[PDB]
Amino acid sequence: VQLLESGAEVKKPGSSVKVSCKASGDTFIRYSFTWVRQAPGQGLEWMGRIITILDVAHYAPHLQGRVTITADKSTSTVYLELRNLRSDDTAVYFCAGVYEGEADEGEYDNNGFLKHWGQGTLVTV
Amino acid sequence: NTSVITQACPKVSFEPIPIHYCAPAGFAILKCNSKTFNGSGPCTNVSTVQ
Amino acid sequence: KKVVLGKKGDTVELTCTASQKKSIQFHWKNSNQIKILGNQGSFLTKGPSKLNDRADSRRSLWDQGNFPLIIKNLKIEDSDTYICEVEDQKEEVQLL
Amino acid sequence: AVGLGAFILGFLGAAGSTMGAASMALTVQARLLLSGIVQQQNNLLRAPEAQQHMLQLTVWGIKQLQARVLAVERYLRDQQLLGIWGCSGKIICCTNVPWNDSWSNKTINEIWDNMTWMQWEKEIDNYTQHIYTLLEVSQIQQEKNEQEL
Amino acid sequence: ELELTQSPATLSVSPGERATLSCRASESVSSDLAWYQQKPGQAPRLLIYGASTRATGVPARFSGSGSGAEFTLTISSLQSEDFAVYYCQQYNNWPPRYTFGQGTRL
Amino acid sequence: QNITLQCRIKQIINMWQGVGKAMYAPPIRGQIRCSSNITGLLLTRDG
Ligand SMILES: *[C@@H]1O[C@H](CO)[C@@H](O[C@@H]2O[C@H](CO)[C@@H](O[C@@H]3O[C@H](CO)[C@@H](O)[C@H](O[C@H]4O[C@H](CO)[C@@H](O)[C@H](O)[C@@H]4O[C@H]4O[C@H](CO)[C@@H](O)[C@H](O)[C@@H]4O)[C@@H]3O)[C@H](O)[C@H]2NC(C)=O)[C@H](O)[C@H]1NC(C)=O
Ligand SMILES: *[C@@H]1O[C@H](CO)[C@@H](O[C@@H]2O[C@H](CO)[C@@H](O)[C@H](O)[C@H]2NC(C)=O)[C@H](O)[C@H]1NC(C)=O
Ligand SMILES: Cc1ccc(-c2ccc(NC(=O)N3CCC4(CCO4)CC3)cc2)cc1
Ligand SMILES: *[C@@H]1O[C@H](CO)[C@@H](O)[C@H](O)[C@H]1NC(C)=O
Ligand SMILES: *[C@@H]1O[C@H](CO)[C@@H](O)[C@H](O)[C@H]1NC(C)=O
Ligand SMILES: *[C@@H]1O[C@H](CO)[C@@H](O)[C@H](O)[C@H]1NC(C)=O
């Protein structure tokens with residue numbers, strides 16, 4: 001699987017940004033996805049995780065009131081939506097994921113590792 | 001709409017044990033003691049248990 | 001009986017209901033009394049007929065007392081009648 | 001079994017017998033007991049003995065007693081509720097309401113000898129409320145008449 | 001909360017040497033840890049996952065061990081192409097509260 | 001002798017408790033087995 005990032009964006013504080021990620025090369029529904037952020041000069045920050053077989057998602061503690069992750073099962077596209085956006089959120093954003101063996105058959109392994117990575121999308125605020 | 005919750009998952013031992021049901025005071029349970037009984041209708045050998 | 005007409009080559013939803021507003025055991029059968037769908041409490045089963053495939057229900061509405069039969073990739077050859085087996089309410093519908 | 005109390009349990013074994021037989025059986029056991037010929041044995045729990053195992057006999061010790069105490073209260077209650085029909089303090093109460101052939105057109109020998117109580121109380125179940133109403137009325141009229149002398 | 005830090009801020013090594021990297025967690029990991037290699041302009045590729053299992057395509061140079069909240073990654077016969085920033089990831093929380101550490105630079 | 005059934009251990013379970021789905025934790029490392037007594041069957045027949 002390859003993960004394809006969307007285009008760069010520029011917003012003002014108080015607005016919002018939604019960044020897509022297209023996953024392809026295998027069946028989408030068997031891959032778990034996460035989003036990771038990296039502001040310039042900073043290390044990697046986990047933002048959240050989405051389960052695609054069961055539409056369930058979780059967010060890091062400071063993003064709980066700001067971030068929604070959606071898996072569009074019909075287009076194999078994962079979207080990261082960040083609301084109530086601030087200048088502190090300038091960063092390069094990116095998707096990542098991992099294969100869940102036969103998740104379709106109910107053998108999902110809740111794999112927390114990231115093997116497939118996107119390129120990085122720059123979003124400024 | 002759906003409602004989704006999550007819980008901690010300690011794994012636990014799971015080995016079913018026999019559990020029996022008992023009558024409250026004032027009640028008793030009738031039991032069918034026939035060797036042949038198709039699940040319904042008259043049972044010709046009945047005993048009472050708690 | 002209740003008759004529902006489609007466009008032949010599409011999909012139809014026929015319904016059975018219960019006044020209990022609970023998920024109860026139910027079955028759907030055709031005119032030859034061949035099982036199409038039904039449940040086993042929370043689980044959905046299929047009937048071993050020409051409608052074993054191309055068919056489903058709405059598990060989420062079973063607790064509302066709504067037990068539909070949905071036939072997909074519908075053909076004119078499927079325009080038979082169907083019998084509900086919900087409680088003793090053996091209602092009949094027709095697919096066209 | 002248990003849960004019904006001694007009053008019921010001593011009568012319950014007659015559930016498979018005819019009505020006539022049940023009355024005779026009760027009479028005989030009473031005779032043997034009054035005469036000191038037979039004795040009644042107990043079926044009560046022994047109590048815990050060992051402290052470490054006591055839950056086993058205090059739970060059931062208490063439940064067995066609760067069943068018996070409630071059976072006593074029900075027995076004594078009914079024995080006075082029956083005052084309405086003029087049957088308080090009795091097991092067998094004969095009254096002045098005549099039997100209706102419409103309730104059941106059978107002779108007393110047919111009823112008492114070829115039927116059990118389980119059958120009898122089903123054949124006339126739909127007249128039970130009628131009869132009970134009449135029993136109350138008859139008792140009221142008897143009281144009315146006695147107090148007029 | 002969960003945070004991962006490295007012992008060195010930077011690791012001073014030369015090519016051909018066995019580099020040693022060391023991750024410490026604020027919370028027990030119990031082998032649910034992974035290591036990633038971050039190069040400028042690149043995705044932080046996964047090399048090690050699960051105690052120390054190598055991902056498919058990972059050079060034999062990368063290996064490691066650890067337990068509790070203290071884990072070690074080593075790079076045998078370090079190559080010039082391995083002078084990357086390495087990140088340590090802990091994912092054993094449920095509901096997930098996964099984090100990456102500060103990382104260390106070679 | 002010894003008819004063998006192919007079995008799989010799954011994490012996504014349709015609940016018997018009511019309508020809904022649930023995820024359970026992944027399999028335990030070690031040897032797991034059970035020896036059970038078949039005491040009855042559930043069978044059905046069609047028209
Ligand atoms: C019908 O009845 C029969 C009984 O007549 C039932 O059969 C029993 O089934 C149970 C469950 O599978 C089985 O119990 C195990 O016995 C093992 C004996 O060595 C135990 O070691 C094992 O415990 C481990 O696993 C548990 C979870 O599965 C853990 O909670 C526990 O802590 C142990 O786990 C540690 O150790 C193991 C082993 O080293 C390691 O893998 C783990 O990672 C961890 O470190 C269970 O107690 C009974 O032995 C079976 N009885 C018989 C006589 O065979 C049968 O299940 C019933 N049928 C149905 C359908 O219910
Ligand atoms: C009615 O059922 C009871 C209970 O099973 C039968 O009595 C048992 O008979 C066996 C021998 O086959 C004895 O070992 C048990 O101790 C008896 N139990 C009791 C409570 O007495 C009884 O025979 C059956 N009667 C009929 C007519 O079928
Ligand atoms: C708590 C408790 C209370 C009462 C009893 C009890 C035991 C035996 C009888 N006996 C009976 O009903 N008989 C029928 C009528 C007859 C024949 C002419 O008189 C005598 C025999 C009644 C109540 C038991 C437990
Ligand atoms: C029986 O019921 C009828 C009414 O249906 C009544 O006229 C008759 O007097 C009753 N007989 C007895 C014995 O109660
Ligand atoms: C079946 O399994 C038992 C051990 O559980 C073994 O002794 C026996 O030989 C096996 N039978 C066959 C046909 O392999
Ligand atoms: C199966 O039945 C035998 C008796 O034939 C008994 O000894 C054994 O314990 C039973 N096993 C289970 C799991 O009930």
# chains A, B, ... in the order shown; residues from 1 in each chain; ligands from 1

$ residues_near_ligand --ligand "ligand 4" --cutoff "7 Å" --atoms "only C-alpha atoms and all ligand atoms" --output "PDB file with N, CA and C atoms, in the first residue's frame"
ATOM      1  N   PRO D  98     -76.539 -24.277  47.783  1.00  0.00           N
ATOM      2  CA  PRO D  98     -76.788 -25.519  47.092  1.00  0.00           C
ATOM      3  C   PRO D  98     -75.888 -25.604  45.899  1.00  0.00           C
ATOM      4  N   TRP D  99     -75.550 -26.804  45.499  1.00  0.00           N
ATOM      5  CA  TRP D  99     -74.774 -26.988  44.301  1.00  0.00           C
ATOM      6  C   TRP D  99     -75.670 -26.838  43.086  1.00  0.00           C
ATOM      7  N   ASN D 100     -75.199 -26.098  42.077  1.00  0.00           N
ATOM      8  CA  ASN D 100     -75.856 -25.912  40.793  1.00  0.00           C
ATOM      9  C   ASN D 100     -75.384 -26.987  39.811  1.00  0.00           C
ATOM     10  N   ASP D 101     -76.337 -27.717  39.188  1.00  0.00           N
ATOM     11  CA  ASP D 101     -76.056 -28.746  38.175  1.00  0.00           C
ATOM     12  C   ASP D 101     -75.461 -28.093  36.929  1.00  0.00           C
ATOM     13  N   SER D 102     -75.680 -26.784  36.795  1.00  0.00           N
ATOM     14  CA  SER D 102     -75.110 -26.046  35.694  1.00  0.00           C
ATOM     15  C   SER D 102     -73.614 -25.850  35.902  1.00  0.00           C
TER      16      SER D 102
END

$ interface_residues --of "chain F" --to "chain C" --cutoff "9 Å" --atoms "only C-alpha atoms" --output "number ranges by chain"
F: 14-20, 46-47

$ select_by_dssp --residues "chain A" --states "strand (DSSP E)" --output "number ranges by chain"
A: 2-5, 9-10, 17-24, 31-38, 45-51, 56-59, 67-72, 77-82, 91-99, 116-117, 121-124

$ atom_distance --atom1 "atom CA of residue 90 of chain A" --atom2 "atom CA of residue 124 of chain A"
4.4 Å

$ closest_atom_pairs --of "chain F" --to "ligand 5" --cutoff "10 Å" --atoms "only C-alpha atoms and all ligand atoms" --output "Markdown table"
| residue | atom | partner | partner_atom_place_in_ligand_line | distance |
| --- | --- | --- | --- | --- |
| F:1 | CA | ligand 5 | 13 (C) | 4.0 |
| F:2 | CA | ligand 5 | 1 (C) | 5.1 |
| F:3 | CA | ligand 5 | 13 (C) | 8.5 |
| F:4 | CA | ligand 5 | 1 (C) | 9.8 |

$ residues_near_ligand --ligand "ligand 1" --cutoff "6 Å" --atoms "only C-alpha atoms and all ligand atoms" --output "number ranges by chain"
B: 12-16; F: 28-36

$ interface_residues --of "chain E" --to "chain B" --cutoff "10 Å" --atoms "only C-alpha atoms" --output "list in words"
residues 93, 94 and 95 of chain E

$ write_last_selection --atoms "C-alpha atoms" --output "tab-separated table (two decimals), in the first residue's frame"
chain	number	residue	atom	x	y	z
E	93	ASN	CA	-2.41	2.34	25.77
E	94	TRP	CA	-6.02	1.47	25.30
E	95	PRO	CA	-8.01	3.64	24.39

$ select_by_dssp --residues "chain C" --states "helix (DSSP H, G or I)" --output "VMD selection string"
chain C and resid 59 to 64 76 to 78

$ residues_near_ligand --ligand "ligand 3" --cutoff "8 Å" --atoms "only C-alpha atoms and all ligand atoms" --output "list in words"
residues 5, 6, 7, 8, 10, 11, 23, 24, 26, 27, 28, 29, 30, 68, 71, 72, 73, 75, 76, 91 and 92 of chain D

$ residues_near_ligand --ligand "ligand 2" --cutoff "9 Å" --atoms "only C-alpha atoms and all ligand atoms" --output "MDAnalysis selection string"
chainID B and resid 32:35 44:47

$ write_last_selection --atoms "N, CA, C and O atoms" --output "mmCIF file, in the first residue's frame"
data_model
loop_
_atom_site.group_PDB
_atom_site.id
_atom_site.type_symbol
_atom_site.label_atom_id
_atom_site.label_comp_id
_atom_site.auth_asym_id
_atom_site.auth_seq_id
_atom_site.Cartn_x
_atom_site.Cartn_y
_atom_site.Cartn_z
ATOM 1 N N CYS B 32 -40.279 -33.051 34.906
ATOM 2 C CA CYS B 32 -40.672 -34.169 34.055
ATOM 3 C C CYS B 32 -39.579 -35.238 34.073
ATOM 4 O O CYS B 32 -38.439 -34.998 33.667
ATOM 5 N N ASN B 33 -39.939 -36.428 34.544
ATOM 6 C CA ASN B 33 -39.007 -37.534 34.684
ATOM 7 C C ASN B 33 -39.183 -38.624 33.644
ATOM 8 O O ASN B 33 -38.649 -39.725 33.794
ATOM 9 N N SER B 34 -39.928 -38.344 32.599
ATOM 10 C CA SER B 34 -40.122 -39.326 31.556
ATOM 11 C C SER B 34 -38.833 -39.542 30.795
ATOM 12 O O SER B 34 -38.070 -38.602 30.570
ATOM 13 N N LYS B 35 -38.606 -40.770 30.340
ATOM 14 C CA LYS B 35 -37.440 -41.027 29.506
ATOM 15 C C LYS B 35 -37.736 -40.479 28.126
ATOM 16 O O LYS B 35 -36.866 -39.956 27.432
ATOM 17 N N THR B 44 -46.029 -38.075 32.172
ATOM 18 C CA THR B 44 -46.697 -38.988 33.099
ATOM 19 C C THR B 44 -45.968 -39.396 34.391
ATOM 20 O O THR B 44 -46.464 -40.262 35.115
ATOM 21 N N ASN B 45 -44.783 -38.825 34.656
ATOM 22 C CA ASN B 45 -43.983 -39.056 35.855
ATOM 23 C C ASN B 45 -43.406 -37.704 36.293
ATOM 24 O O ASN B 45 -42.504 -37.173 35.639
ATOM 25 N N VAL B 46 -43.979 -37.101 37.367
ATOM 26 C CA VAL B 46 -43.649 -35.746 37.838
ATOM 27 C C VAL B 46 -43.171 -35.744 39.274
ATOM 28 O O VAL B 46 -43.795 -36.371 40.130
ATOM 29 N N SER B 47 -42.062 -35.051 39.524
ATOM 30 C CA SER B 47 -41.538 -34.914 40.880
ATOM 31 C C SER B 47 -41.366 -33.443 41.218
ATOM 32 O O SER B 47 -41.297 -32.590 40.332
#

$ closest_residue --among "A:122, A:51, A:78, A:115" --to "chain F" --atoms "only C-alpha atoms"
A:51

$ closest_residue --among "D:35, D:133, D:147, D:58" --to "residue 84 of chain D" --atoms "only C-alpha atoms"
D:133

$ atom_distance --atom1 "atom CA of residue 52 of chain C" --atom2 "atom CA of residue 93 of chain C"
18.7 Å

$ residues_around --residues "segment 77-79 of chain D" --least-positions-apart "2" --cutoff "7 Å" --atoms "only C-alpha atoms" --output "list in words"
residues 73, 74, 75, 81, 82, 88, 89 and 90 of chain D

$ write_last_selection --atoms "N, CA, C and O atoms" --output "CSV table (one decimal), in the first residue's frame"
chain,number,residue,atom,x,y,z
D,73,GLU,N,-47.6,-18.2,58.4
D,73,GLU,CA,-48.4,-17.0,58.3
D,73,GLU,C,-49.5,-17.2,57.2
D,73,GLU,O,-50.6,-16.7,57.5
D,74,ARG,N,-49.2,-17.8,56.1
D,74,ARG,CA,-50.3,-18.0,55.1
D,74,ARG,C,-51.4,-18.9,55.7
D,74,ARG,O,-52.6,-18.6,55.5
D,75,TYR,N,-51.0,-20.0,56.4
D,75,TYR,CA,-52.0,-20.8,57.0
D,75,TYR,C,-52.9,-20.1,57.9
D,75,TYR,O,-54.1,-20.2,57.8
D,81,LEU,N,-59.3,-15.5,57.2
D,81,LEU,CA,-59.9,-14.7,56.1
D,81,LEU,C,-61.3,-15.4,55.7
D,81,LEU,O,-62.2,-14.7,55.4
D,82,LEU,N,-61.3,-16.7,56.0
D,82,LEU,CA,-62.4,-17.6,55.7
D,82,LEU,C,-63.6,-17.3,56.6
D,82,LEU,O,-64.7,-17.8,56.4
D,88,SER,N,-64.1,-19.8,59.2
D,88,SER,CA,-62.9,-19.6,59.9
D,88,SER,C,-62.5,-20.7,60.9
D,88,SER,O,-63.4,-21.3,61.5
D,89,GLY,N,-61.3,-21.0,61.0
D,89,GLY,CA,-60.8,-22.0,61.9
D,89,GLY,C,-61.0,-23.4,61.5
D,89,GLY,O,-61.1,-24.3,62.3
D,90,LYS,N,-61.2,-23.6,60.2
D,90,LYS,CA,-61.6,-25.0,59.7
D,90,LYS,C,-60.8,-25.4,58.4
D,90,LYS,O,-60.5,-24.6,57.6

$ interface_residues --of "chain A" --to "chain F" --cutoff "6 Å" --atoms "only C-alpha atoms" --output "list in words"
residues 106, 107 and 109 of chain A

$ atom_distance --atom1 "atom CA of residue 38 of chain E" --atom2 "atom CA of residue 71 of chain A"
26.6 Å

$ decode --residues "chain A" --atoms "C-alpha atoms" --output "compact mmCIF listing (two decimals), in the first residue's frame"
# COMPACT_ATOMS: atom_id res chain seq x y z
CA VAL A 1 0.00 0.00 0.00
CA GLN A 2 0.91 3.61 -0.89
CA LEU A 3 -0.56 6.59 0.85
CA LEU A 4 -1.17 9.72 -1.13
CA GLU A 5 -1.25 13.13 0.53
CA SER A 6 -3.34 16.14 -0.46
CA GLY A 7 -2.26 19.70 -1.21
CA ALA A 8 -0.84 22.38 1.08
CA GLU A 9 -3.10 24.91 2.77
CA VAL A 10 -2.99 28.35 4.45
CA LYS A 11 -5.57 29.43 7.07
CA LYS A 12 -6.18 32.05 9.68
CA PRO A 13 -6.68 31.22 13.39
CA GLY A 14 -10.29 30.35 14.23
CA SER A 15 -10.76 28.42 10.97
CA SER A 16 -10.36 24.73 10.09
CA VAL A 17 -8.47 22.42 7.71
CA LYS A 18 -9.44 19.02 6.32
CA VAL A 19 -6.67 16.92 4.76
CA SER A 20 -7.40 13.83 2.71
CA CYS A 21 -5.21 10.67 2.26
CA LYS A 22 -5.85 8.15 -0.49
CA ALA A 23 -4.84 4.61 0.28
CA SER A 24 -4.32 2.16 -2.54
CA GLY A 25 -2.64 -1.06 -3.76
CA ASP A 26 -4.67 -3.37 -1.47
CA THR A 27 -8.14 -3.47 0.03
CA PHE A 28 -8.68 -0.33 2.14
CA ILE A 29 -10.86 -1.75 4.78
CA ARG A 30 -8.06 -4.02 6.02
CA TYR A 31 -5.78 -1.16 6.92
CA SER A 32 -5.78 0.81 10.11
CA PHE A 33 -4.82 4.44 9.87
CA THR A 34 -3.32 7.14 12.01
CA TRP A 35 -2.34 10.73 11.67
CA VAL A 36 0.92 12.18 12.80
CA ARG A 37 1.88 15.84 12.90
CA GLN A 38 5.29 17.44 12.87
CA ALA A 39 5.76 21.15 13.38
CA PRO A 40 9.13 22.35 12.02
CA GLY A 41 11.81 21.81 14.67
CA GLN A 42 9.59 19.35 16.55
CA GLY A 43 9.49 15.58 16.85
CA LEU A 44 6.58 13.48 15.70
CA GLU A 45 3.20 14.00 17.39
CA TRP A 46 0.47 11.38 17.34
CA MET A 47 -2.89 12.97 16.62
CA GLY A 48 -5.21 10.05 16.41
CA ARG A 49 -6.26 6.65 15.12
CA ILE A 50 -9.12 5.31 13.07
CA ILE A 51 -10.44 1.80 12.74
CA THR A 52 -11.94 1.31 9.31
CA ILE A 53 -13.78 -2.01 9.81
CA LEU A 54 -15.75 -0.56 12.70
CA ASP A 55 -16.10 3.17 12.28
CA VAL A 56 -14.31 4.06 15.49
CA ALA A 57 -11.69 6.72 16.21
CA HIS A 58 -9.62 8.15 19.02
CA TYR A 59 -7.69 11.37 19.51
CA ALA A 60 -4.75 12.55 21.58
CA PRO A 61 -5.93 14.40 24.81
CA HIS A 62 -5.45 17.99 23.54
CA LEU A 63 -7.17 17.28 20.23
CA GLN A 64 -10.30 15.69 21.66
CA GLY A 65 -12.35 18.86 21.18
CA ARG A 66 -10.65 19.73 17.88
CA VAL A 67 -10.03 16.66 15.72
CA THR A 68 -12.21 14.31 13.75
CA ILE A 69 -10.89 11.45 11.64
CA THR A 70 -13.13 9.95 8.96
CA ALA A 71 -12.61 6.86 6.84
CA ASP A 72 -14.48 7.04 3.59
CA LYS A 73 -14.88 3.37 2.89
CA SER A 74 -16.26 3.98 -0.60
CA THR A 75 -13.28 6.02 -1.89
CA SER A 76 -10.53 4.50 0.28
CA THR A 77 -9.81 7.95 1.60
CA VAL A 78 -9.03 9.01 5.11
CA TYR A 79 -9.67 12.54 6.18
CA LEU A 80 -8.15 14.49 9.02
CA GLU A 81 -10.23 17.44 10.12
CA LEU A 82 -8.76 19.96 12.55
CA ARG A 83 -11.11 22.61 13.94
CA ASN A 84 -10.65 25.75 16.05
CA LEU A 85 -7.30 26.06 14.33
CA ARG A 86 -4.46 28.19 15.79
CA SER A 87 -1.04 29.50 14.65
CA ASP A 88 0.41 26.85 17.03
CA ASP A 89 -0.92 24.21 14.63
CA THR A 90 1.40 25.13 11.78
CA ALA A 91 2.87 21.80 10.84
CA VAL A 92 3.46 19.18 8.27
CA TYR A 93 0.62 16.66 8.52
CA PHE A 94 0.68 13.08 7.38
CA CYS A 95 -1.14 9.74 7.23
CA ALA A 96 0.19 6.34 8.01
CA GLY A 97 -1.17 2.85 8.40
CA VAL A 98 -0.79 -0.90 8.78
CA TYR A 99 -2.27 -4.18 7.53
CA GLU A 100 -4.67 -6.14 9.67
CA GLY A 101 -4.60 -9.77 8.62
CA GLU A 102 -7.94 -10.86 7.27
CA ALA A 103 -9.75 -8.06 9.11
CA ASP A 104 -12.70 -8.67 6.72
CA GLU A 105 -13.17 -12.11 8.20
CA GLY A 106 -12.98 -10.77 11.73
CA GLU A 107 -9.24 -11.43 12.37
CA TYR A 108 -8.32 -7.75 13.00
CA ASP A 109 -5.15 -7.53 15.18
CA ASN A 110 -5.29 -3.89 16.42
CA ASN A 111 -1.79 -3.27 15.05
CA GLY A 112 -0.18 -0.09 16.53
CA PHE A 113 2.80 0.06 14.14
CA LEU A 114 3.05 2.21 11.04
CA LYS A 115 4.48 0.64 7.88
CA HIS A 116 2.86 2.63 5.11
CA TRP A 117 3.52 6.38 5.16
CA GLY A 118 2.45 9.48 3.24
CA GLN A 119 4.73 12.35 2.14
CA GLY A 120 3.78 15.25 4.44
CA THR A 121 1.32 18.06 3.71
CA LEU A 122 2.17 21.53 4.86
CA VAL A 123 -0.57 23.41 6.56
CA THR A 124 0.06 26.85 7.93
CA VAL A 125 -2.35 28.96 10.03
